[PDB]
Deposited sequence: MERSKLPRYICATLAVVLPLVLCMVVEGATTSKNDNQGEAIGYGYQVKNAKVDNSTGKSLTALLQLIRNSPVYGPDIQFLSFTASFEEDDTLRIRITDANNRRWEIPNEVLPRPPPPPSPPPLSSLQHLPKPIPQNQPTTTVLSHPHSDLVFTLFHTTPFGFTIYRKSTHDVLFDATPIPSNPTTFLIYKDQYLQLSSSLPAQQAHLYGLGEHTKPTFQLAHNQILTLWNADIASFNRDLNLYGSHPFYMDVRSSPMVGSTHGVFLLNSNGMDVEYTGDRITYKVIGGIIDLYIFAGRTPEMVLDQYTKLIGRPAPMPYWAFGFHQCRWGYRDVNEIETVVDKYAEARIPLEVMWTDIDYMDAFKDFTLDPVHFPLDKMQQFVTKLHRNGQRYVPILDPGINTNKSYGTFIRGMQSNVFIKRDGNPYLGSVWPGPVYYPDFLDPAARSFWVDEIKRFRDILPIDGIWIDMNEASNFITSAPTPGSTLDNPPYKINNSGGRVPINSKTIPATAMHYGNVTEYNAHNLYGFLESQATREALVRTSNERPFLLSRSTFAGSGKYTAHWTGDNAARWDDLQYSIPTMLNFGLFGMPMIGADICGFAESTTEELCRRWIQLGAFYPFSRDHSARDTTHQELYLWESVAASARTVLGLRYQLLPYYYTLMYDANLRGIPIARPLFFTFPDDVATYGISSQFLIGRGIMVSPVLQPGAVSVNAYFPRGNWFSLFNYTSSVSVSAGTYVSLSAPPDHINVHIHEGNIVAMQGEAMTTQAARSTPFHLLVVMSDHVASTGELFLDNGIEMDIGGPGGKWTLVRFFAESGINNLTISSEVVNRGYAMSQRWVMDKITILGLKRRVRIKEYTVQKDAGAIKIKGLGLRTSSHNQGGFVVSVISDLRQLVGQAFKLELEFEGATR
């Protein structure tokens, strides 16, 4: 009945000289244990500053290379070449200390406040606190200040709170498990957390990322967090912050900046599993138009395929000629089309894709032969997306399909990879039967369950055991590559399975949620989480994927979902239909809220630009704007779009009001500028929320450029700009507008076919000035964009050109590309 492990001692350690300081230590195992398998006797330990704001701690086997995420998959700077050894840099707020105890320890603290960020000092009689390092069990633990540390992240899991609750285990093992299930490991793995400290120095935030693709359990008990990882190495990154936005900037610098999205992807999307034929999807499109509900993109689920085979069309229900006609008509109406692809290729002798796949040997193998799964068409082989040959095959299959049927984007699903059967384990393999069982599906379920077995092999003799969590991520890279090679437009793809870095390639949606009030709320923490994960294009299936929706739930869901960065109504086939036009109350709400969303299109687009530039999420937690307000840390039912717009949805059946938190200051309803909330300090306010209404407020100190409502994003972009200026007594109001053609591949690139406008507004005693600065005037000028109206909120006196009131300045006819300074006088 042994102890789990006995820990390590420092045998030597030095800080290098004359270079960007790094520390190298050699660690020797104290004593062996049989628990969880063979202990690595010698460890190479390094701490180094890859940037002034980013500390990297890398623990490897001193005597053997171990699995690491390939640099080609996630490119990053290479590794560097009692008694304590201390590492610190003059311009870094991070200080690293190696404790030569028995067993050894290490900490990282803030120079500026002495707050301990990460504390891996062992409690010597408590092996659960030790660094343990076995071939299939790595243990790394940090103490935390229970009440000061507020943690977020470690996806993908459905949770009723955004801030991680104390006393839980979060399992990371990509699995086809429905997101309507709380707690369970879902489709993606993001071993990142944000840690917002309420003191010392309120709002002081850092990030912690373990760059490891193996299955893991992360145990969080409030005063401790422990990683239990079944392979690979410890490659840990600490991001200094100190604001939450800085942390995401630092994190996305490492894992990849969010891919831009095309302008059209912010329009409304409609999909259903079960659409019967071309006539039905044409009918859906028509009825959206007839209801005057904006619809941008029509999607087809696996119904369109011939017997669920990728790259085919059902000759009876979705014939090529009628589908070609249908897509052409979409395109003539300013609309777009996105079909689904699964990764498994049906083992069918008449099937061209299968033939070319076999000819190029593109499939993942087990025991020397292609691994046989079961998915929608039955038997399948899975392309090895780690194999360059398979990626070329994928590009080719997509090019062939695109040649016959125009598409505007791709939805990649089932890519955990999902398998409908579980294969028998390889006798004697500790990969198929690992010594430590992670909490797969909340029941310590074997990792091979409903996926590709761990003993399957990939390109370069890589085991599925090691590469499993990378599959969806790899398919996303290959698919974005295929789209970029077959069209010069900025591509759009949506992926189910993801890993840290996936945001550089793809949007994500929350997966198989349910038509439940619980899931309506769950969409908010998941939306916020994916922003932290560097995947700002996130949304949930509006009205619920699984189970039949109700009129009321669907009405409250479109109200909320109209503000997701990715807004799509999708549903399972064994449920009632849930297109937005089916109920009048839903249709009316849809027009109102999609109306406002569409007016906000230039704003969403600008946020998408900021996200690609800095990693800052489009939909962000309140504490991103108000990190000094501790009350916002625990909020899980409100969120911001950009800096100053707050969405506060009703999330309860039968409710006609919502208790919503308002940070200090003046907030104005975007649906009625006369309606406002003014609070001298942050507090809950019981907002009226009639059946047809959702609360959406803008804070003082912000300026938002809007365009008009329209049925398509193209038509919306042809309308005048109206500037909404919300004055603050305390600060000048500012805002930003990024403009390009909506589809440029290199957003904000040196070609300069874009413009960036900054808006400013400041009150004097007797006057008010509103002005803009323009980058690349000639370009914006060439696009004829006109700002015709400015609405001024936040003041108690009316204003004119040479309780709160609203002032509107009309008929300006101002070119957006020409900087202006507008001077106003108080009445």
Given the full deposited sequence, which segments carry no C-alpha coordinates?
-> 1-37, 119-137, 859-884, 910-913
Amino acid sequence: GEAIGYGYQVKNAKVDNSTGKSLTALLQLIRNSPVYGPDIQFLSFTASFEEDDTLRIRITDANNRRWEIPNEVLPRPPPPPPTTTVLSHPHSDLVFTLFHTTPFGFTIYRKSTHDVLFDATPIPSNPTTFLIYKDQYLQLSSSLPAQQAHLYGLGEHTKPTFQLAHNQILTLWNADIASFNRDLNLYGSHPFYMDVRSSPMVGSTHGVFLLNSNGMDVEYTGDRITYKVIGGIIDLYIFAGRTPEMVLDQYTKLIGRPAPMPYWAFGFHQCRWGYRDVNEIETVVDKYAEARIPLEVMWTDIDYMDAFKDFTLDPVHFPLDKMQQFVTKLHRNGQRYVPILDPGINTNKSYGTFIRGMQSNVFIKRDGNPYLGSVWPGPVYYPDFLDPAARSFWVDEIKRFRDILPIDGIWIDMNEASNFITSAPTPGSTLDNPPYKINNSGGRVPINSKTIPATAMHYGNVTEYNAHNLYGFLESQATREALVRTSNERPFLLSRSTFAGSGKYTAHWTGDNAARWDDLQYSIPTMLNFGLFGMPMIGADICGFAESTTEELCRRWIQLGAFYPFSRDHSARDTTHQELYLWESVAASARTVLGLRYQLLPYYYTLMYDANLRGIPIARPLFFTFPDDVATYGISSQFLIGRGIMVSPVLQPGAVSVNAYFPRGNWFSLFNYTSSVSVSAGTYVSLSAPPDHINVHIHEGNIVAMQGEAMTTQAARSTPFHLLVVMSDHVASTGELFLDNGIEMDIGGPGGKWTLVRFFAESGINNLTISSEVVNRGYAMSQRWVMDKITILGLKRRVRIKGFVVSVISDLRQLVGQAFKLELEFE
From here on, numbers count along this sequence of modelled residues.
Which is higher in the entry, the mean Cα B factor of 32-40 or that of 779-787?
-> 32-40
According to the deposited model, is the average Cα temperature factor higher in 399-407 or in 445-453?
-> 399-407
Which one of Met537, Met246, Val95, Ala540 shows the biggest C-alpha B-factor in the PDB entry?
-> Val95
Max C-alpha B-factor within the set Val316, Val647, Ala265, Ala478 falls on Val316
Chain third (lowest, middle, highest) by recorded CA B-factor, residue given as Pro691 | highest
Would you mind ranking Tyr288 by its C-alpha B-factor against the rest of the chain and naming the third, lowest, middle or highest?
-> middle
Here the Cα B-factor of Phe639, set against its chain, lands in the third termed lowest
Here the Cα B-factor of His722, set against its chain, lands in the third termed middle
Third of chain Cα B-factors occupied by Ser675 = highest
